[PDB]
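Presented as structure tokens, the chain that follows is alone, the form deposited in one PDB entry.
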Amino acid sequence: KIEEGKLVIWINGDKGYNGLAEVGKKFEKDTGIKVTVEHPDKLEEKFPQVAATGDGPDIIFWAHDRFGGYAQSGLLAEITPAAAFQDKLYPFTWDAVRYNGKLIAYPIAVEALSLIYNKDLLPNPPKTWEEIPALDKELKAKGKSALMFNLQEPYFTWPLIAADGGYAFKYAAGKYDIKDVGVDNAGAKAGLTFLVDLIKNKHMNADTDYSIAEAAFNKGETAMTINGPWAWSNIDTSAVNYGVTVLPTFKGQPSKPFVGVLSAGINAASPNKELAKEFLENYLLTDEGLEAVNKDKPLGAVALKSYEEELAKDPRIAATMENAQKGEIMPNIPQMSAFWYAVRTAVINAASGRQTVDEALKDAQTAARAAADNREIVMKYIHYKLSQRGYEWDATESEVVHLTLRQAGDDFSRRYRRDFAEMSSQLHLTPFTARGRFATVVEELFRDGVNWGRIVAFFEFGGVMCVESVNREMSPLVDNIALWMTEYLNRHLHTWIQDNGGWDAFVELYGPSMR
């Protein structure tokens, strides 16, 4: 149970929590409501665990992308700000905190990648990607290089890939279409081709990661880099006099980095939702409230119009907001993990020369489509198991695979009914060890090999954990178990299924039994 009468606030350690504590002290001074700010390690995983049992803080601070999964599992309360308060923030920041047509958090700050340049080696930064090769040829004559940024994570290379038309997921009617991916299209191919062309022309090295690029710019060895506000403090202490400006354009079109919006969500189980609403609207989201946090650790660009216009006097903050306005809001669905996993391998394989740009992106398009299909198999099965025990979950010829799989699971549960009853009763299920308990059992099931019988047991165990989660008043755990089953399907079971005739072969083997 969360204590009523006080506000407990969680925010990451790399933020200005001491400045946020000042706002809480001012709130406590005016109203007597005690405000406690904490920065637990790995709070992005710690919050859904404590919130799954109705515990945890009253207010959670994190990027908006994780709040979609939080809201789907019912961890966040719907905020109800008046129209006069919503006008005080930029409209696109409210779009980042809207899930299923409901606002689930208050926007605080805006964060996106920018072009960081060395003002000594490069007084006037290039406005286009195309003039970077010629810029590198002149710098190589002095022992320097033009650009060095992280090529191992697709978050840093995506603004160039998305510039000519690449997109992660299509957005229609307030919902992301996870089957409409845009890594295969010509815009993404043209952007990734230019990146690989830079590597082929020796302007960049395919092995450059975050640390190599940061160490290169912070020592004056390269003239430019691509990073966010989190890296400004390392360059401040260094001898490099750096500037921050808009990302270079590609084919006359702006680079489109993904925008992360630091947001404050209200715990759905908190008994102080009104006090939290009053604190966030009338104390934090003010010029004085944001200044106290920004003085401690800079927030970059902020969602509050009045204070953003003040922070924009520093050109590095205006450049952060400009690149965010030209980019795209990070999709707030857990299905982005499959997108990043596919695009990362596509960029890695294309840069090293193992595959062409066309093949690497086609493999990424099919990998994203396969992740959506495996998610469909998991969620249809879990929804059937939960409905069997009377629990609804919010999340005939074409359904032959789904109908055969659930009957095979029912046959497995019926054959070992007594064994399932003992296991389900004696199961050690907590939100803090559920993932480890799941991964341990799945390792045992497939240690001596993968077969269709063990896959049926794999699905049936995930259904048992979901049923036990709802029985033990931990229903938000069902959404996490479904994601764990989908991730193991995509990463480990998918190749065996493909090499053994696909799910059509499963129907042909188990189908005859069901007559």
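Residues carry their position along the shown sequence, with the first being 1. Here the rigid core means the biggest group of C-alpha atoms that line up within 1.5 Å when the two forms are laid on top of each other.
As for the form deposited in another entry, it is not shown, yet the points below apply to it.
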C-alpha of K175: shift of 2 angstroms or more between this form and the one not shown, rigid core aligned?
yes
Yes/no, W62 Cα shift of 2 Å or more between this form and the one not shown with rigid core fixed:
no
Superposing on the rigid core, is the Cα displacement of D14 between this form and the one not shown 2 Å or more?
no
